[PDB]
């Protein structure tokens, strides 16, 4: 059976999402025959507790020059990261020439604020097209993967870092031991690694299975991160819940013994215990709920198609690949998906090949129903689409359950 990527012990599988494409490999017609697939399934290490995918997707297939996710296409997320820059600038710098490092800086949504404040900084972004965005904003960015050797080389040329930050990146990286070897080389004396990622507790509580796909190798919790930190000579010393991306936790890891864990760490552990997050049974109940959501969503879409309604998807999310492929949802059930990201438009969604169109197509004419794939952005979207609702249009949500609004 599978072996844990953190500790090497045995992983018990609890959800099999079947054959899946790369979530962010939007296709032209020419690409469909060559299309990569893998088996997506999730399990729990019985030793260390880390919840993780069973099949590692090679990193160069996911992250590469044409990687299509631009972080700065959301107002809520631009403002989130401006506040992140402030937090780090306020609490994690010392001395005359402090140094902020980000792993997975993308289009520079966070570091651009660090730069504008005059603080020395460096991002690692192996996806060149978004890295060019970051650079166009004044950000220093190496087009390379953060791992032990690259971090260690930066330590020599740039000196110690006050903080290494990563958002929606650390869970994308199976090779955590290399990353933390790199952090141990690169951080200064009072340095920390601060990372925020989709939280297992929220996923389980919301039945948000679409948070499970190729780029989410780990579904972190405080318990698993605490064990992982200790294994690599680090220590979980602070936790913070965040509402973005469906529910996340931001973890702060110091070298072991360097800092006093905050009371927040124990509080979140107790939440996990109240949730039963570390019982496989809870995880099995999750998997049954995932199956109910699939049946109810497919039955709803099938009925709306039978009635001759028009259904269109809203937001070509990476997440949505898990939904379409696990649920068997093709162009017969959802005619196209509207998305604001220019590089996603005029292409086909992974595996199930829904056409992606610009947002403007949503109004020409308005559909009867919009399937909200970008449900983590619901208020922004439902707010602005007033003409849709005035014409009687309805929203279909499937988190935390299938429902029509």
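Numbering follows the first chain given and starts at 1.
- Stretches 41-49 and 368-376 differ in mean CA B factor, with 41-49 having the higher one.
- Stretch comparison (140-148 versus 115-123) by mean CA B-factor in the PDB entry places 115-123 on top.
- In this structure the maximum Cα B-factor among 248, 272, 190, 215 is found at 190.
- Per the PDB record, 289 has a higher Cα B-factor than any other of 324, 289, 208, 335.
- Among the modelled residues of the chain, residue 30 sits in the highest third by CA temperature factor in this PDB entry.
- Looking at the C-alpha B-factors along this chain, the one for residue 55 belongs to the highest third.
- Per the PDB record, residue ranking by Cα B-factor puts residue 313 in the lowest third of the chain.
- Looking at the C-alpha B-factors along this chain, the one for residue 181 belongs to the highest third.
- Residue-level temperature factors show residue 386 in the highest third of its chain, judged at the C-alpha atom.
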